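Two forms of a single protein chain come next, each set out by itself as C-alpha cells; they are called structure 1 and structure 2.
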Structure 1
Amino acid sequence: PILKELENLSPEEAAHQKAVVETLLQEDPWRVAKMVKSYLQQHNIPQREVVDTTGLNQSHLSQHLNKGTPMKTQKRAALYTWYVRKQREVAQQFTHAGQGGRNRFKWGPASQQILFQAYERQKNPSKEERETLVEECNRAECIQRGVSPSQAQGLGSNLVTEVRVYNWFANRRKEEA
C-alpha cells in the first residue's frame, strides 16, 4: 500500500493546507480570485466541478472570479479549501500517470492557436494530419500545465483525441456559413 500512503495526508501537511487557506482569507480576495481562475484555465477545470464539490452557486462563483464580486469568508474558505486540495489531486493525476500498475473536454487556448493556423493550410485535415495535431496540442497543454508530455494521460477529460480534433475542424468548417 505504498502509493495510497503518499495519497494520505500527513498531519503536518494538513496543518499547512489549513494555514494556506487562512493566509488567503486575509489577502485580497480579488487578488486570489485571479490565480484561482488562471489555474482553472491552466487545467481547464469547469466551474461546475467547483460548484458541485464546494456547494456554491455558479453565478456567485462566476461573478466572483470574473468580477471582484465579494463573498463572505466562510464561502471563500470553501473555494480556497477546494483549491489547495485540487493542487494535490492534479499533481498525483499526472505523477501517477504514464505507467501501468463527468467533466467535458474543453479546448485549451494553446491547442486552439495550433488548430486555427492548421485550418488555414487544409480546412479538412487528413487523418495523419489530425493525429500529428493531437500530440502537438497535447504537448502544448502539457507545457502550459508545467508537466512533461509523458504524463499526457493526466489531462483526463481535457485529453485531446483524434475524434475531438476532427470535430473542431468539422464545427469550424460548419461555421464557414
Structure 2
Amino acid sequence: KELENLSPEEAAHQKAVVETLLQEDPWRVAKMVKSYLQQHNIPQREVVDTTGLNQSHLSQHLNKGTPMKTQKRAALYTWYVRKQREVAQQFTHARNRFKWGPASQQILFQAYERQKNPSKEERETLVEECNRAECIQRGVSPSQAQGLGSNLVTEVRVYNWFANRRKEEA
C-alpha cells in the first residue's frame, strides 16, 4: 500500500527547500525546473492546471528570463519539489497526452533512415529500444521501471510516428 506520501518532518524538508530556491537565482532555478520538465517530458499544462500560473507567463519564465513574483515562483518551486511523487512511481512498478522524448526520436529516425517498414516485429525492436532510452534519459533505468506512465513508448504510438513521418515526405 501507500502510507508515505505525507510526512511532517519530511514535508518540512519540502518547504525548507522552497525557501532556499526562492532565495537562489530565479533563472537558475527556472532552468532547473525546465530541465526536469524536459528530462521527464511533463506537459507544461499539468503544471498550470495545478499551480494556477498563467501558461504564457510560465512559458515565458522557464524559457525566457521573464520576471515572476515570489509568490508565483513559490507556487512553481513547490509543485516542482512535490512532484517527486514521481520517483515513488518509478520506484514501484506497481490523463496526459503522450509525448515523444528526444531520446526515443533519435532512434525512431533509425528505422526510418534504415527502412520505414512498420513490421509489428521490428517495431518492438525499437519500442523497448525507446523505452530503455526514455528510462535511461530520466535518471532511473530498469528496462522494466514502467513509471513512464503516459509517456511510455507503445505501438499505439510507434506505428504512428512512422505513419505521420510518411504523410510528410514527398
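Take the two forms, superpose them, and find the largest set of C-alpha atoms that agree within 1.5 Å; that set is the rigid core. Residues are numbered by position in structure 1's sequence, first residue being 1.
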Flagged residue of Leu133, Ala33, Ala140, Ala152 - C-alpha shift reaching 2 Å or more between structures 1 and 2, core superposed: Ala152
Core fit, then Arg88 C-alpha moves 2 Å or more between structures 1 and 2: yes
Between structures 1 and 2, how far the Cα of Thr53 shifts once the core is aligned, in Å: 0.9
Once the two forms are overlaid on the core, the CA atom of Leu9 shifts between structures 1 and 2, in angstrom, by 2.1
On a rigid core superposition, how far has the CA of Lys123 moved between structures 1 and 2, in Å, if you could check? 1.1
